[PDB]
Amino acid sequence: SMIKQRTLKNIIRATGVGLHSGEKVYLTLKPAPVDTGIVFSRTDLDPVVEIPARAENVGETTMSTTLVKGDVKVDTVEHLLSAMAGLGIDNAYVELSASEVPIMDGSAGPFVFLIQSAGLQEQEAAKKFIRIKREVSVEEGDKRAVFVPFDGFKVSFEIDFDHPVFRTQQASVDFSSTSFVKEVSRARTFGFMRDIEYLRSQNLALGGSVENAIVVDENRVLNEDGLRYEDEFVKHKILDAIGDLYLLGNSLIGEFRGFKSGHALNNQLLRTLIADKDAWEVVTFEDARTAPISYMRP
Ligand SMILES: CO[C@H](CO)c1ccc(C#Cc2ccc(C(=O)NC[C@H]3C[C@@H](NC(=O)[C@@H]4C[C@H](F)CN4)CN3C(=O)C3CC3)cc2)cc1
Ligand SMILES: [Zn+2]
């Protein structure tokens with residue numbers, strides 16, 4: 001029996017704060033039809049503005065992955081998009097009352113929980129996969145990001161901060177043994193005091209607190225109850241990347257490798273990949289028993 005596309009079983013309502021904006025935001029996730037993709041909606045505006053969550057719609061922001069259409073934007077989509085990729089949601093409307101997705105605890109945990117509390121619905125159509133056929137790589141100074149043919153899905157990442165707080169700055173997850181839910185989803189975004197102070201002075205990071213970010217001064221985590229994983233920092237880079245990969249609009253059959261990469265170079269990789277049609281093909285699986293990836297019950 002075929003790997004079928006999925007949407008939401010029921011609507012999800014949540015409430016939170018833009019990390020950057022400091023704005024209270026109301027968030028609704030709704031079932032969408034077959035071949036809809038993930039579509040973000042700014043419902044505060046008349047008329048309503050809808051931005052498909054696709055690489056064609058990424059803006060040239062420095063702080064997070066931002067979707068743009070005209071001078072309308074949606075900021076910091078990568079954590080939510082990451083939770084939908086984790087759970088294999090093809091189709092869903094994401095309604096927002098403000099410009100920025102709420103930050104929650106800084107991870108994809110809350111989003112995964114709400115989604116899985118609602119449960120998912122298999123739809124009557126083949127789920128489409130993007131299969132990496134060739135090596136696609138991009139560099140800029142010391143940062144590298146690479147796709148690599150792999151029968152399955154795996155993300156590998158390295159960061160290198162010259163900071164006392166680095167613990168493991170490397171990790172590799174194969175999502176056909178490692179559970180995204182258990183092992184990546186709870187990994188929080190992080191920030192250095194020096195950086196958070198500059199952003200504050202530029203009137204950015206207005207929603208940030210220990211409640212939604214690991215805060216790191218010179219030497220140590222300042223968060224009273226410390227870390228969730230020994231390797232949280234690099235595990236959260238894997239979270240951002242799975243989110244960024246999903247701007248492709250279908251789940252990936254292949255490997256990702258990031259070295260000190262962020263949303264900019266991740267976005268250069270998707271562009272180059274999309275552009276080089278020798279390097280990828282769209283595939284469906286009529287028999288899930290022989291697919292290289294498997295999914296949780298709905
Ligand atoms: C002192 O108490 C106050 C209480 O009000 C306070 C104020 C502000 C904050 C905060 C915050 C905050 C700001 C920015 C970021 C952020 O930009 N981090 C980027 C990190 C993290 C990671 N990127 C991500 O996670 C992306 C970008 C967004 F974070 C979401 N996905 C990679 N990465 C790096 O490379 C860092 C070296 C720059 C973090 C926290 C706290 C308390
Ligand atoms: Zn992040």
Side-chain angles (χ1 to χ4, degrees), residues 16-23 25 53 58-59 61-67 73-86 99-112 140-145 155 157-166 169-171 180 184-193 195-202 204-218 220-224 227-229 231-247 258-259 261-267:
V17 198
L19 178 62
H20 283 306
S21 76
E23 289 187 349
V25 51
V58 181
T61 274
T62 37
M63 263 19 265
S64 41
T65 299
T66 305
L67 294 182
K73 74 183 162 132
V74 176
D75 277 331
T76 327
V77 297
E78 57 260 44
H79 295 177
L80 178 60
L81 273 191
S82 189
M84 260 150 208
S99 65
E100 186 162 16
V101 181
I103 198 66
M104 315 302 286
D105 64 358
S107 84
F111 293 143
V112 157
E140 201 146 337
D142 73 313
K143 305 182 190 86
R144 179 143 150 94
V155 190
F157 215 96
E158 218 199 320
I159 48 161
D160 188 34
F161 294 95
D162 184 21
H163 196 279
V165 183
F166 320 95
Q169 297 203 74
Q170 200 279 168
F180 173 89
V184 160
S185 67
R186 315 202 324 119
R188 292 169 286 168
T189 203
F190 54 90
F192 302 85
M193 277 310 215
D195 299 342
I196 297 172
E197 285 161 351
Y198 173 58
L199 297 160
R200 270 289 168 102
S201 98
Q202 287 290 296
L204 309 172
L206 294 190
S209 71
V210 298
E211 292 307 341
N212 50 48
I214 304 155
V215 178
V216 185
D217 82 359
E218 222 177 26
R220 58 196 204 73
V221 175
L222 287 174
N223 303 64
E224 225 188 320
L227 299 184
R228 293 164 166 194
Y229 307 118
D231 57 348
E232 199 161 357
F233 307 97
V234 71
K235 291 277 206 65
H236 183 82
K237 296 297 287 174
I238 290 172
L239 190 149
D240 289 329
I242 284 164
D244 283 334
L245 267 48
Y246 211 58
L247 298 166
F259 180 78
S261 166
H263 59 90
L265 197 63
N266 293 343
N267 183 255

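Residue numbers start at 1 and run along the sequence shown. Hydrogens, waters and symmetry mates are skipped; everything else that's a heavy atom, side chains included, is used. First listed ligand is number 1; within each ligand, the first listed atom is number 1.
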Heavy-atom donor-acceptor pair, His163 side chain to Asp217 backbone, under 3.5 Å: yes
Side-chain donor-acceptor pair present, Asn267, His263, cut-off under 3.5 Å: no
Closest contact, heavy atoms only, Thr66 versus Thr76: OG1-N, 4.5 Å
Beyond-backbone contact of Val221 with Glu232, side-chain heavy atoms, under 4.5 angstrom: no
Residue pair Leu222 / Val210, side-chain heavy-atom distance below 4.5 Å: no
Backbone or side-chain N or O of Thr76 under 3.5 Å from ligand 1 N or O: no
For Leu199, the ligand 1 atoms whose distance to one of its heavy atoms is below 4.0 Å: 13 (C), 14 (C)
For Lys237, atoms of ligand 1 separated by under 4.0 Å from a heavy atom: 32 (C)
contact_flag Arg200 ligand 1 heavy-atom lt 4.0 Å: yes
Residue selection (non-hydrogen contact nearest atom 12 (C) of ligand 1) among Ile196, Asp240, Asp244: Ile196
Polar atom proximity, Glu78 to ligand 1 (N or O, under 3.5 Å): yes
Min N/O separation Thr189 to ligand 1 under 3.5 Å: yes
Presence of N, O or S from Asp240 under 2.8 Å of the Zn ion (ligand 2): yes
Heteroatom proximity flag, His20 to ligand 1, N/O under 3.5 Å: no
Check against side chain to side chain contact (heavy atoms under 4.5 Å, CB included), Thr189 and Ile214: CA-CA 6 Å; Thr189 203; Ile214 304 155; over 6 Å; no
Heavy-atom closest contact (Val234 atom, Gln169 atom, distance): CG2-O, 3.7 Å
Minimum heavy-atom distance between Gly18 and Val25, given as atom pair plus value: N-CG1, 4.3 Å
Side-chain heavy atoms of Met63 within contact of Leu199, under 4.5 Å: yes
Under 3.5 Å: N/O of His236 near N/O of ligand 1: yes
Contact (N/O only, under 3.5 Å) between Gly208 and ligand 1: yes
Residue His236 atom name (nearest to the Zn ion (ligand 2); N/O/S): NE2
Interfacing atoms of ligand 1 (cut-off 4.0 Å, heavy-atom, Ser209): 9 (C), 41 (C), 42 (C)
Smallest separation among heavy atoms of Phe157 and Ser261, with atom names: CZ-O, 3.3 Å
Backbone or side-chain N or O of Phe161 under 3.5 Å from ligand 1 N or O: no
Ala205 neighbourhood, listing ligand 1 atoms whose heavy-atom distance to it stays under 4.0 Å: 8 (C), 13 (C)
Proximal atoms of ligand 1 relative to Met63 (non-hydrogen, under 4.0 Å): 27 (C)
